[PDB]
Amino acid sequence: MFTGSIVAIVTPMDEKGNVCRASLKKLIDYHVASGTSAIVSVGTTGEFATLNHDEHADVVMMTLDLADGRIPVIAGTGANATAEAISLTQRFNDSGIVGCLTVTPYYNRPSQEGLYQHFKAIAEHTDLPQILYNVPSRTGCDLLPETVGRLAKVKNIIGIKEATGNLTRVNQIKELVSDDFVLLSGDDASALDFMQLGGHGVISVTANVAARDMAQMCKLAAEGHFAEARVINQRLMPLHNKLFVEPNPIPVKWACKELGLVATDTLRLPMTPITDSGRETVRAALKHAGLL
């Protein structure tokens, strides 16, 4: 459902830039085998920006089909226009997905009242659970704790993916919401720290290529075994950093390809192929994690 190691799964492509079913199946089977808790389909790492709404929906539905009830699937459903986010969410109503990951509007920099109205309107047009997603480095907007508090009062707003990397937010939000509101890290390099402070899991980029380690790290964290979890964290720390050596998901797609998890590392413009230097950096990080 909404705890533990949740993968922000890549949308693997063929050389033409369209979804590769065989690759997607291999990834999903990998996550089932590895103990991943849930899959976020067509979030940021899944190239939401460069799929059209139909393509996006096809990937989500394919991912649900391939998961075949073995692993819960959360759909990316954000938009910077409220009407468009409502449309997208409505596509998944009564679909099998367990909830939605919905990003603060990007580019148009709404106020906190705007963010409140946007997410409230979206929640009102679905029965699905909603996970808010805050990532100001990408959006130009910052969904502050006070506003998360106001939104957490809406019945089906049930958690947040907090991708600021600002660890003070964990307890700021926790004090304004009920004990069942879920706090998930959106920042792999700080996620263990984030769980140590009270968070419930991570929506992870690193879990694409280190799924078993991430699941084990998160289990240990949930049980309060921080020192054991840190050892795993330290082995993964170069990936947590170097998967952003070039823009996400350029490095993680290459890593998936190098590990034999996907057929090609193709992306859509304006994402471009990994540089030679980037390959060498990511390769070293994979070697450090024991994956290669």
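The first residue of the sequence shown is number 1, and the count goes up from there.
Chemist: Out of 149-157 and 108-116, which stretch has the higher average CA B-factor listed in the record?
Modeler: The recorded data point to 149-157.
Chemist: Which is higher on average in the deposited entry, the C-alpha temperature factors of 84-92 or of 134-142?
Modeler: For C-alpha atoms only, the mean B-factor is higher in 84-92.
Chemist: Which has the highest CA B-factor per the PDB entry: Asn248, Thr50, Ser34, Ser41?
Modeler: Highest CA B-factor of the listed options: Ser34.
Chemist: I'd like to know which of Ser185, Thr206, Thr126, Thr168 has the highest C-alpha temperature factor in the PDB entry.
Modeler: Spelled out: the listed residue with the top C-alpha B-factor is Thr126.
Chemist: C-alpha B factor of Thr102, ranked within the chain: lowest, middle or highest third?
Modeler: For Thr102, the deposited C-alpha B-factor lands in the lowest third.
Chemist: Rank-wise, by C-alpha B-factor, drop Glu55 into the lowest, middle or highest third of its chain.
Modeler: Its C-alpha B-factor belongs to the lowest third of this chain's values.
Chemist: Just say lowest, middle or highest third for the CA B-factor of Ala284 relative to the other modelled residues in its chain.
Modeler: Within its chain, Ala284 is a highest-third residue by C-alpha B-factor, going by the deposited values.
Chemist: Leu236: which third of its chain by C-alpha temperature factor?
Modeler: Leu236: CA B-factor falls in the middle third of its chain.
Chemist: How does the C-alpha B factor of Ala8 compare with the rest of the chain: lowest, middle or highest third?
Modeler: Middle third by C-alpha B-factor.
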